[PDB]
>>> print(open('upload_29.tsv').read())   # TSV, C-alpha atoms and all ligand atoms
chain	number	residue	atom	x	y	z
Z	1	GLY	CA	-74.37	4.56	-137.85
Z	2	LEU	CA	-74.06	1.01	-139.20
Z	3	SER	CA	-75.31	-2.12	-137.40
Z	4	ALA	CA	-72.67	-4.79	-136.57
Z	5	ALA	CA	-73.82	-6.93	-139.57
Z	6	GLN	CA	-73.38	-3.97	-141.95
Z	7	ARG	CA	-69.94	-3.18	-140.49
Z	8	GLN	CA	-68.82	-6.75	-141.03
Z	9	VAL	CA	-69.84	-6.66	-144.71
Z	10	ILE	CA	-68.22	-3.30	-145.49
Z	11	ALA	CA	-64.94	-4.28	-143.79
Z	12	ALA	CA	-64.77	-7.61	-145.65
Z	13	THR	CA	-65.62	-6.28	-149.14
Z	14	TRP	CA	-63.31	-3.25	-148.63
Z	15	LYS	CA	-60.32	-5.60	-148.76
Z	16	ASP	CA	-61.41	-6.74	-152.26
Z	17	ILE	CA	-62.35	-3.20	-153.37
Z	18	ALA	CA	-58.91	-1.85	-152.36
Z	19	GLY	CA	-57.31	-4.77	-154.35
Z	20	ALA	CA	-53.70	-4.03	-155.23
Z	21	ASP	CA	-53.89	-0.26	-155.87
Z	22	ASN	CA	-55.59	0.98	-152.70
Z	23	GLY	CA	-58.84	1.39	-154.72
Z	24	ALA	CA	-57.33	3.80	-157.29
Z	25	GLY	CA	-58.85	2.00	-160.29
Z	26	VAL	CA	-62.29	2.15	-158.60
Z	27	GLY	CA	-61.86	5.87	-157.99
Z	28	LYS	CA	-60.83	6.47	-161.61
Z	29	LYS	CA	-63.85	4.57	-162.93
Z	30	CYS	CA	-66.24	6.23	-160.49
Z	31	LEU	CA	-65.28	9.79	-161.46
Z	32	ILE	CA	-64.77	9.25	-165.17
Z	33	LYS	CA	-68.21	7.68	-165.49
Z	34	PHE	CA	-69.75	10.31	-163.21
Z	35	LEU	CA	-68.47	13.14	-165.47
Z	36	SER	CA	-69.44	11.26	-168.66
Z	37	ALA	CA	-73.03	10.97	-167.35
Z	38	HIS	CA	-73.22	14.54	-165.93
Z	39	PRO	CA	-71.12	16.71	-168.25
Z	40	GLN	CA	-72.16	19.74	-166.21
Z	41	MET	CA	-70.06	18.41	-163.28
Z	42	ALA	CA	-66.71	19.01	-165.02
Z	43	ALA	CA	-66.93	22.75	-164.30
Z	44	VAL	CA	-67.60	22.10	-160.60
Z	45	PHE	CA	-64.38	20.08	-160.24
Z	46	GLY	CA	-62.41	22.41	-162.54
Z	47	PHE	CA	-61.73	19.59	-165.02
Z	48	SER	CA	-61.74	19.85	-168.77
Z	49	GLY	CA	-63.82	16.69	-169.12
Z	50	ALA	CA	-63.86	13.00	-168.25
Z	51	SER	CA	-60.46	12.37	-169.79
Z	52	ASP	CA	-58.63	15.08	-167.80
Z	53	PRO	CA	-55.80	13.32	-165.90
Z	54	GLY	CA	-56.87	15.17	-162.67
Z	55	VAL	CA	-59.92	12.77	-162.71
Z	56	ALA	CA	-57.68	9.76	-161.95
Z	57	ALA	CA	-55.58	11.68	-159.41
Z	58	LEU	CA	-58.70	12.81	-157.55
Z	59	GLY	CA	-60.45	9.39	-157.80
Z	60	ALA	CA	-57.41	7.81	-156.07
Z	61	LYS	CA	-57.57	10.40	-153.22
Z	62	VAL	CA	-61.31	9.87	-152.65
Z	63	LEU	CA	-60.96	6.07	-152.48
Z	64	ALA	CA	-57.95	6.31	-150.11
Z	65	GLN	CA	-60.09	8.54	-147.85
Z	66	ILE	CA	-62.96	5.97	-147.88
Z	67	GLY	CA	-60.40	3.35	-146.81
Z	68	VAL	CA	-59.53	5.59	-143.80
Z	69	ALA	CA	-63.20	6.04	-142.85
Z	70	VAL	CA	-63.69	2.20	-143.05
Z	71	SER	CA	-60.77	1.64	-140.67
Z	72	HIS	CA	-62.74	3.64	-138.10
Z	73	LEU	CA	-66.20	1.99	-138.41
Z	74	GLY	CA	-65.40	0.64	-134.89
Z	75	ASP	CA	-65.63	4.22	-133.53
Z	76	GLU	CA	-68.35	6.14	-135.36
Z	77	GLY	CA	-67.29	9.26	-133.49
Z	78	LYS	CA	-63.84	9.26	-135.10
Z	79	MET	CA	-65.21	8.45	-138.53
Z	80	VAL	CA	-67.67	11.34	-138.44
Z	81	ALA	CA	-65.20	13.90	-137.04
Z	82	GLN	CA	-62.65	12.95	-139.70
Z	83	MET	CA	-65.19	13.23	-142.52
Z	84	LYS	CA	-66.43	16.57	-141.13
Z	85	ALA	CA	-62.86	17.88	-141.31
Z	86	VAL	CA	-62.56	16.76	-144.96
Z	87	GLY	CA	-65.89	18.51	-145.62
Z	88	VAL	CA	-64.61	21.78	-144.08
Z	89	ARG	CA	-61.67	21.62	-146.49
Z	90	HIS	CA	-64.13	21.43	-149.42
Z	91	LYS	CA	-65.24	24.96	-148.57
Z	92	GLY	CA	-62.20	26.06	-150.60
Z	93	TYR	CA	-62.33	23.51	-153.45
Z	94	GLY	CA	-63.81	23.47	-156.95
Z	95	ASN	CA	-64.86	26.28	-159.31
Z	96	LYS	CA	-68.62	26.10	-158.64
Z	97	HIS	CA	-70.51	25.97	-155.31
Z	98	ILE	CA	-70.31	22.34	-154.10
Z	99	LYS	CA	-73.89	21.30	-153.29
Z	100	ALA	CA	-75.24	18.44	-151.22
Z	101	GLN	CA	-77.33	17.33	-154.19
Z	102	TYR	CA	-74.21	16.32	-156.13
Z	103	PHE	CA	-73.36	13.56	-153.61
Z	104	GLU	CA	-76.31	11.33	-154.44
Z	105	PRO	CA	-75.39	10.60	-158.09
Z	106	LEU	CA	-71.73	10.28	-157.09
Z	107	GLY	CA	-72.79	7.53	-154.67
Z	108	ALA	CA	-74.45	5.61	-157.50
Z	109	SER	CA	-71.33	5.85	-159.64
Z	110	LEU	CA	-69.23	4.67	-156.70
Z	111	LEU	CA	-71.38	1.62	-155.98
Z	112	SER	CA	-71.35	0.76	-159.66
Z	113	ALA	CA	-67.55	1.02	-159.87
Z	114	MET	CA	-67.21	-1.18	-156.76
Z	115	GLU	CA	-69.42	-3.83	-158.40
Z	116	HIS	CA	-67.47	-3.65	-161.63
Z	117	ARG	CA	-64.33	-4.62	-159.68
Z	118	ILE	CA	-65.66	-7.27	-157.19
Z	119	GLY	CA	-68.56	-8.70	-159.21
Z	120	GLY	CA	-70.51	-11.34	-157.29
Z	121	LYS	CA	-69.13	-10.23	-153.94
Z	122	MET	CA	-71.34	-7.15	-154.28
Z	123	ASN	CA	-74.44	-9.14	-153.31
Z	124	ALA	CA	-77.70	-7.88	-151.76
Z	125	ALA	CA	-76.17	-7.56	-148.27
Z	126	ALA	CA	-73.10	-5.68	-149.64
Z	127	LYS	CA	-75.22	-3.26	-151.72
Z	128	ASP	CA	-77.40	-2.48	-148.65
Z	129	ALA	CA	-74.36	-2.01	-146.39
Z	130	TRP	CA	-72.34	0.15	-148.82
Z	131	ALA	CA	-75.40	2.40	-149.51
Z	132	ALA	CA	-75.68	2.95	-145.71
Z	133	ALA	CA	-71.87	3.42	-145.36
Z	134	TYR	CA	-71.87	6.00	-148.22
Z	135	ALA	CA	-74.81	7.86	-146.69
Z	136	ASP	CA	-72.91	8.19	-143.36
Z	137	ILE	CA	-69.61	9.13	-145.02
Z	138	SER	CA	-71.05	11.66	-147.49
Z	139	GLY	CA	-73.50	12.93	-144.82
Z	140	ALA	CA	-70.58	13.73	-142.47
Z	141	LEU	CA	-68.62	15.54	-145.23
Z	142	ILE	CA	-71.66	17.60	-146.18
Z	143	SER	CA	-72.14	18.56	-142.52
Z	144	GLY	CA	-68.58	20.02	-142.45
Z	145	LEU	CA	-69.00	21.57	-145.92
Z	146	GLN	CA	-72.17	23.37	-144.70
Z	147	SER	CA	-70.84	24.39	-141.28
Z	201	LIG	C1	-69.67	15.71	-155.95
Z	201	LIG	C2	-69.01	15.64	-154.75
Z	201	LIG	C3	-67.55	16.07	-154.73
Z	201	LIG	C4	-66.97	17.17	-155.24
Z	201	LIG	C5	-67.55	18.15	-156.28
Z	201	LIG	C6	-65.63	17.26	-154.70
Z	201	LIG	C7	-64.62	18.03	-155.25
Z	201	LIG	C8	-63.31	18.11	-154.86
Z	201	LIG	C9	-62.26	18.93	-155.46
Z	201	LIG	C10	-62.53	19.99	-156.54
Z	201	LIG	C11	-61.09	18.57	-154.94
Z	201	LIG	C12	-59.76	19.32	-154.88
Z	201	LIG	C13	-58.61	19.13	-155.80
Z	201	LIG	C14	-57.50	20.21	-155.56
Z	201	LIG	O1	-57.02	20.09	-154.35
Z	201	LIG	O2	-57.91	21.40	-155.84
Z	201	LIG	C15	-61.40	17.51	-153.92
Z	201	LIG	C16	-60.47	16.96	-153.09
Z	201	LIG	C17	-60.72	15.87	-152.27
Z	201	LIG	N1	-61.94	15.27	-152.11
Z	201	LIG	FE1	-63.71	15.89	-152.81
Z	201	LIG	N2	-65.35	16.09	-153.98
Z	201	LIG	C18	-66.54	15.43	-153.85
Z	201	LIG	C19	-66.81	14.34	-153.01
Z	201	LIG	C20	-65.90	13.82	-152.12
Z	201	LIG	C21	-66.05	12.53	-151.44
Z	201	LIG	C22	-67.43	11.82	-151.27
Z	201	LIG	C23	-64.94	12.32	-150.73
Z	201	LIG	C24	-64.58	11.23	-149.73
Z	201	LIG	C25	-65.44	10.40	-149.23
Z	201	LIG	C26	-64.03	13.43	-151.02
Z	201	LIG	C27	-62.68	13.44	-150.65
Z	201	LIG	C28	-61.72	14.27	-151.13
Z	201	LIG	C29	-60.30	14.26	-150.77
Z	201	LIG	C30	-59.65	13.22	-149.85
Z	201	LIG	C31	-59.67	15.09	-151.63
Z	201	LIG	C32	-58.19	15.50	-151.60
Z	201	LIG	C33	-57.79	16.75	-150.82
Z	201	LIG	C34	-57.94	16.75	-149.36
Z	201	LIG	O3	-57.82	15.63	-148.70
Z	201	LIG	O4	-58.65	17.68	-148.79
Z	201	LIG	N3	-64.59	14.17	-152.04
Z	201	LIG	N4	-62.76	17.25	-153.94
>>> encode(input="upload_29.tsv", output="structure tokens", more="lines below")
Ligand code: HEM
Amino acid sequence: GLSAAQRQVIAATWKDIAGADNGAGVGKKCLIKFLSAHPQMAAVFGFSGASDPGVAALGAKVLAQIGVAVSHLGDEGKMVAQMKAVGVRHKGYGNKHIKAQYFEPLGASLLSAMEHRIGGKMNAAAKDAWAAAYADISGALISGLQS
């Protein structure tokens, strides 16, 4: 759960992160860079490498889903149930076992991609709030994945 101050920050910066492509560019950057830094992850996703066009398609889907979770930060219960459902779906995705450990490095790539787009708006308070928001969102997915 996020405090009211954290919720305020996430909601405000999300508008700038979504920009004019519902966050698709952020999702592309996040995954491309993730796979370039951890080559081993391509096989998990079933991608040929960082330049596989499925990287951009999937990055857009992940960011759109984060937008949905943010719209429900007012009702933690809904956010978590929704993310759990996404997590259950992951039971049938990928070519390698999807492990909880993979989520941490993905989170770093995501926060970096957000910063690359909004710059200065990703201040100390935004970095703290987004790390907590990502921990709740990824935590809920993992709970469904592991159920
Ligand atoms: C390292 C962690 C991750 C891995 C390995 C994983 C992998 C996958 C794969 C292989 C696909 C399916 C493409 C096709 O349908 O076969 C997918 C779909 C999806 N992923 Fe994940 N993903 C990860 C993290 C997450 C995160 C953190 C989110 C959201 C917060 C998420 C949201 C989605 C959604 C929305 C789609 C589209 C399909 C549907 O809605 O079920 N993914 N993921």
>>> closest_residue(input="upload_29.tsv", among="Z:93, Z:47, Z:130, Z:14", to="ligand LIG 201 (chain Z)", atoms="all atoms listed in the file")
Z:93
>>> residues_around(input="upload_29.tsv", residues="residue 128 (chain Z)", least_positions_apart="6", cutoff="10 Å", atoms="all atoms listed in the file", output="JSON, numbers by chain")
{"Z": [6, 9, 10, 122]}
>>> residues_around(input="upload_29.tsv", residues="residue 30 (chain Z)", least_positions_apart="3", cutoff="12 Å", atoms="only C-alpha atoms", output="PyMOL selection string")
chain Z and resi 23-27+33-37+50+55-56+58-60+62-63+105-117
>>> residues_near_ligand(input="upload_29.tsv", ligand="ligand LIG 201 (chain Z)", cutoff="7 Å", atoms="all atoms listed in the file", output="VMD selection string")
chain Z and resid 44 to 46 58 61 to 63 65 to 66 86 89 to 90 93 to 94 98 102 to 103 106 137 to 138
>>> closest_residue(input="upload_29.tsv", among="Z:88, Z:57, Z:124, Z:5", to="residue 146 (chain Z)", atoms="only C-alpha atoms")
Z:88
>>> closest_residue(input="upload_29.tsv", among="Z:134, Z:147, Z:2, Z:87", to="residue 73 (chain Z)", atoms="all atoms listed in the file")
Z:2
>>> closest_residue(input="upload_29.tsv", among="Z:119, Z:19, Z:39, Z:67", to="residue 83 (chain Z)", atoms="all atoms listed in the file")
Z:67
>>> atom_distance(input="upload_29.tsv", atom1="CA of residue 85 (chain Z)", atom2="CA of residue 38 (chain Z)")
26.9 Å
>>> atom_distance(input="upload_29.tsv", atom1="CA of residue 13 (chain Z)", atom2="CA of residue 141 (chain Z)")
22.4 Å
>>> build_atoms(input="upload_29.tsv", residues="region 31-62 of chain Z", atoms="N, CA and C atoms", output="tab-separated table (two decimals), in the frame of the given file")
chain	number	residue	atom	x	y	z
Z	31	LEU	N	-65.22	8.40	-161.00
Z	31	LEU	CA	-65.28	9.79	-161.46
Z	31	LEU	C	-65.40	9.97	-162.95
Z	32	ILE	N	-64.71	9.13	-163.71
Z	32	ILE	CA	-64.77	9.25	-165.17
Z	32	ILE	C	-66.22	9.08	-165.60
Z	33	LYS	N	-66.81	7.97	-165.12
Z	33	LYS	CA	-68.21	7.68	-165.49
Z	33	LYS	C	-69.17	8.72	-164.96
Z	34	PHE	N	-68.86	9.28	-163.81
Z	34	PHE	CA	-69.75	10.31	-163.21
Z	34	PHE	C	-69.76	11.52	-164.18
Z	35	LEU	N	-68.59	11.97	-164.56
Z	35	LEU	CA	-68.47	13.14	-165.47
Z	35	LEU	C	-69.02	12.80	-166.84
Z	36	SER	N	-68.86	11.58	-167.31
Z	36	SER	CA	-69.44	11.26	-168.66
Z	36	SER	C	-70.98	11.35	-168.59
Z	37	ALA	N	-71.57	10.92	-167.48
Z	37	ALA	CA	-73.03	10.97	-167.35
Z	37	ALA	C	-73.55	12.35	-166.98
Z	38	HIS	N	-72.79	13.20	-166.35
Z	38	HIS	CA	-73.22	14.54	-165.93
Z	38	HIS	C	-72.09	15.53	-166.32
Z	39	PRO	N	-72.10	15.82	-167.63
Z	39	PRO	CA	-71.12	16.71	-168.25
Z	39	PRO	C	-70.97	18.00	-167.47
Z	40	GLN	N	-72.10	18.51	-167.00
Z	40	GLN	CA	-72.16	19.74	-166.21
Z	40	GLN	C	-71.24	19.68	-165.01
Z	41	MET	N	-70.94	18.50	-164.47
Z	41	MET	CA	-70.06	18.41	-163.28
Z	41	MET	C	-68.60	18.76	-163.54
Z	42	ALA	N	-68.12	18.70	-164.76
Z	42	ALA	CA	-66.71	19.01	-165.02
Z	42	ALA	C	-66.32	20.36	-164.48
Z	43	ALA	N	-67.15	21.35	-164.73
Z	43	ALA	CA	-66.93	22.75	-164.30
Z	43	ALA	C	-66.88	22.88	-162.78
Z	44	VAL	N	-67.61	22.04	-162.06
Z	44	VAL	CA	-67.60	22.10	-160.60
Z	44	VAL	C	-66.22	21.71	-160.08
Z	45	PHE	N	-65.72	20.62	-160.61
Z	45	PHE	CA	-64.38	20.08	-160.24
Z	45	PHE	C	-63.25	20.94	-160.82
Z	46	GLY	N	-63.48	21.59	-161.93
Z	46	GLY	CA	-62.41	22.41	-162.54
Z	46	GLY	C	-61.65	21.49	-163.49
Z	47	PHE	N	-62.32	20.53	-164.10
Z	47	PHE	CA	-61.73	19.59	-165.02
Z	47	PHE	C	-62.22	19.97	-166.46
Z	48	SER	N	-61.39	19.56	-167.39
Z	48	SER	CA	-61.74	19.85	-168.77
Z	48	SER	C	-62.78	18.90	-169.28
Z	49	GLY	N	-62.91	17.74	-168.71
Z	49	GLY	CA	-63.82	16.69	-169.12
Z	49	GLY	C	-63.44	15.36	-168.45
Z	50	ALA	N	-64.11	14.30	-168.90
Z	50	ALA	CA	-63.86	13.00	-168.25
Z	50	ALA	C	-62.49	12.49	-168.42
Z	51	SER	N	-61.82	12.88	-169.50
Z	51	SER	CA	-60.46	12.37	-169.79
Z	51	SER	C	-59.37	13.22	-169.23
Z	52	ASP	N	-59.68	14.22	-168.45
Z	52	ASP	CA	-58.63	15.08	-167.80
Z	52	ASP	C	-57.92	14.13	-166.80
Z	53	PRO	N	-56.59	14.15	-166.82
Z	53	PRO	CA	-55.80	13.32	-165.90
Z	53	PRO	C	-56.08	13.66	-164.45
Z	54	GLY	N	-56.56	14.83	-164.11
Z	54	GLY	CA	-56.87	15.17	-162.67
Z	54	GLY	C	-58.02	14.24	-162.15
Z	55	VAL	N	-58.78	13.69	-163.08
Z	55	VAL	CA	-59.92	12.77	-162.71
Z	55	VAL	C	-59.36	11.57	-162.00
Z	56	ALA	N	-58.32	10.95	-162.52
Z	56	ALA	CA	-57.68	9.76	-161.95
Z	56	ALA	C	-56.97	10.10	-160.63
Z	57	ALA	N	-56.34	11.22	-160.64
Z	57	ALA	CA	-55.58	11.68	-159.41
Z	57	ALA	C	-56.59	11.85	-158.29
Z	58	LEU	N	-57.65	12.61	-158.60
Z	58	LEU	CA	-58.70	12.81	-157.55
Z	58	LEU	C	-59.41	11.52	-157.22
Z	59	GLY	N	-59.79	10.66	-158.16
Z	59	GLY	CA	-60.45	9.39	-157.80
Z	59	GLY	C	-59.61	8.61	-156.79
Z	60	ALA	N	-58.29	8.56	-157.00
Z	60	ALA	CA	-57.41	7.81	-156.07
Z	60	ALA	C	-57.49	8.38	-154.66
Z	61	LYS	N	-57.49	9.70	-154.53
Z	61	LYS	CA	-57.57	10.40	-153.22
Z	61	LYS	C	-58.88	10.13	-152.52
Z	62	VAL	N	-59.99	10.14	-153.25
Z	62	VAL	CA	-61.31	9.87	-152.65
Z	62	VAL	C	-61.35	8.42	-152.11
